[PDB]
There are 2 protein chains.
Amino acid sequence: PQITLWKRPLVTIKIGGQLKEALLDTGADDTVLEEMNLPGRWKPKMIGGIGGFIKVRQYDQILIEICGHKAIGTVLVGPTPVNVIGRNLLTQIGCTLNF
Amino acid sequence: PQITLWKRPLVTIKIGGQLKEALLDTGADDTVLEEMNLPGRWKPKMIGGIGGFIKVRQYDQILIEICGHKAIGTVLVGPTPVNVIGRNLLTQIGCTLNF
Ligand SMILES: CCC(CC)CN(C[C@@H](O)[C@H](Cc1ccccc1)NC(=O)O[C@H]1CO[C@H]2OCC[C@H]21)S(=O)(=O)c1ccc([C@@H](O)CO)cc1
């Protein structure tokens, strides 16, 4: 679809069989979701931005369906302020900015 | 223009005749610029990043030119590592997300 930006670009995602709401975030290199259980092994990672860094659990090659489009990639899980879909997955669903 | 997300969506902006590089960031409600000594009145503000909050100065009615489109609105100035153009200005230039 084409999504305008008068509202936060929040969309429903499906990950680990669970539905969640996440923000399409072109300013995020990476996808970061709030704490949750996901199957498979994870590695501890640090991710940083404004304010500094947080500790996250890195899950690789995770299926995630974003507004009906499938992606398989890295998902970071931790105490993020907001569920954000970053460019690592936005590229997979073919998302571009246009004006 | 169409901007893919293989790399950070950095564009040149003009603010006060000064040219800067900034992210087109659908994840930011408002525009956040690196420290710059703008004249005029401002009001204090706190914004929450992935690593916690920082203090910024809110300037209103600031003109920013983005790829031939002029936008005017709120700009937050503070110790951010990156210039980000937020939805408050992206909407004015007709920017959408598309997939
Ligand atoms: C996830 C944080 C989101 C939460 C919605 C909020 N931020 C936007 C987000 O795009 C941010 C931009 C960015 C900041 C620093 C360095 C590089 C990019 N990128 C980001 O942190 O990404 C993480 C994850 O991937 C990594 O790559 C880049 C860093 C890693 S913000 O800048 O802190 C912010 C907060 C409040 C407001 C107010 O206006 C109200 O919205 C406006 C803007």
# chains A, B, ... in the order shown; residues from 1 in each chain; ligands from 1

$ interface_residues --of "chain A" --to "chain B" --cutoff "9 Å" --atoms "only C-alpha atoms" --output "PyMOL selection string"
chain A and resi 1-9+23-29+47-54+69+79-82+84+87-88+90-91+93-99

$ residues_around --residues "residue 14 in chain A" --least-positions-apart "6" --cutoff "8 Å" --atoms "only C-alpha atoms" --output "ChimeraX atom specification"
/A:20,64-66

$ write_last_selection --atoms "N, CA and C atoms" --output "mmCIF file, in the first residue's frame"
data_model
loop_
_atom_site.group_PDB
_atom_site.id
_atom_site.type_symbol
_atom_site.label_atom_id
_atom_site.label_comp_id
_atom_site.auth_asym_id
_atom_site.auth_seq_id
_atom_site.Cartn_x
_atom_site.Cartn_y
_atom_site.Cartn_z
ATOM 1 N N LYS A 20 1.217 -8.404 16.684
ATOM 2 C CA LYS A 20 1.697 -7.241 17.413
ATOM 3 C C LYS A 20 1.560 -6.010 16.530
ATOM 4 N N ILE A 64 8.667 -12.963 9.880
ATOM 5 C CA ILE A 64 7.832 -11.873 10.378
ATOM 6 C C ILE A 64 6.998 -11.352 9.214
ATOM 7 N N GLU A 65 5.682 -11.330 9.401
ATOM 8 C CA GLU A 65 4.763 -10.869 8.370
ATOM 9 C C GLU A 65 4.339 -9.445 8.708
ATOM 10 N N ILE A 66 4.579 -8.522 7.783
ATOM 11 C CA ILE A 66 4.389 -7.094 8.019
ATOM 12 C C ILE A 66 3.306 -6.613 7.067
#

$ select_by_dssp --residues "chain A" --states "strand (DSSP E)" --output "JSON, numbers by chain"
{"A": [2, 3, 10, 11, 12, 13, 14, 15, 18, 19, 20, 21, 22, 23, 24, 32, 33, 43, 44, 45, 46, 47, 48, 49, 52, 53, 54, 55, 56, 57, 58, 59, 60, 61, 62, 63, 64, 65, 66, 69, 70, 71, 72, 73, 74, 75, 76, 77, 84, 85, 96, 97, 98]}

$ residues_around --residues "residue 78 in chain A" --least-positions-apart "3" --cutoff "8 Å" --atoms "only C-alpha atoms" --output "mmCIF file with N, CA and C atoms, in the first residue's frame"
data_model
loop_
_atom_site.group_PDB
_atom_site.id
_atom_site.type_symbol
_atom_site.label_atom_id
_atom_site.label_comp_id
_atom_site.auth_asym_id
_atom_site.auth_seq_id
_atom_site.Cartn_x
_atom_site.Cartn_y
_atom_site.Cartn_z
ATOM 1 N N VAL A 32 13.629 -3.725 16.197
ATOM 2 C CA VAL A 32 13.709 -3.918 17.642
ATOM 3 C C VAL A 32 12.299 -4.027 18.202
ATOM 4 N N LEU A 33 12.010 -5.144 18.862
ATOM 5 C CA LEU A 33 10.706 -5.400 19.447
ATOM 6 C C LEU A 33 10.819 -5.511 20.963
ATOM 7 N N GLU A 34 9.718 -5.209 21.640
ATOM 8 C CA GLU A 34 9.659 -5.309 23.090
ATOM 9 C C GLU A 34 9.829 -6.762 23.526
ATOM 10 N N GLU A 35 10.162 -6.936 24.803
ATOM 11 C CA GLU A 35 10.530 -8.248 25.316
ATOM 12 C C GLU A 35 9.434 -9.266 25.029
ATOM 13 N N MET A 36 9.839 -10.425 24.520
ATOM 14 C CA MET A 36 8.908 -11.484 24.161
ATOM 15 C C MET A 36 9.684 -12.787 24.052
ATOM 16 N N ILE A 54 20.972 -0.120 24.734
ATOM 17 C CA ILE A 54 20.214 -1.087 25.513
ATOM 18 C C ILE A 54 20.705 -2.484 25.154
ATOM 19 N N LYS A 55 20.511 -3.415 26.087
ATOM 20 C CA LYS A 55 20.820 -4.822 25.875
ATOM 21 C C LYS A 55 19.634 -5.502 25.203
ATOM 22 N N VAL A 56 19.904 -6.249 24.133
ATOM 23 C CA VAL A 56 18.855 -6.948 23.404
ATOM 24 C C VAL A 56 19.275 -8.389 23.149
ATOM 25 N N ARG A 57 18.276 -9.222 22.881
ATOM 26 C CA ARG A 57 18.475 -10.592 22.437
ATOM 27 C C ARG A 57 18.317 -10.617 20.923
#

$ closest_residue --among "A:37, A:83, A:58, A:12" --to "ligand 1" --atoms "only C-alpha atoms and all ligand atoms"
A:83

$ atom_distance --atom1 "CA of residue 16 in chain A" --atom2 "atom 25 (O, counted along the ligand's line) of ligand 1"
20.9 Å

$ atom_distance --atom1 "CA of residue 38 in chain B" --atom2 "CA of residue 77 in chain B"
8.8 Å
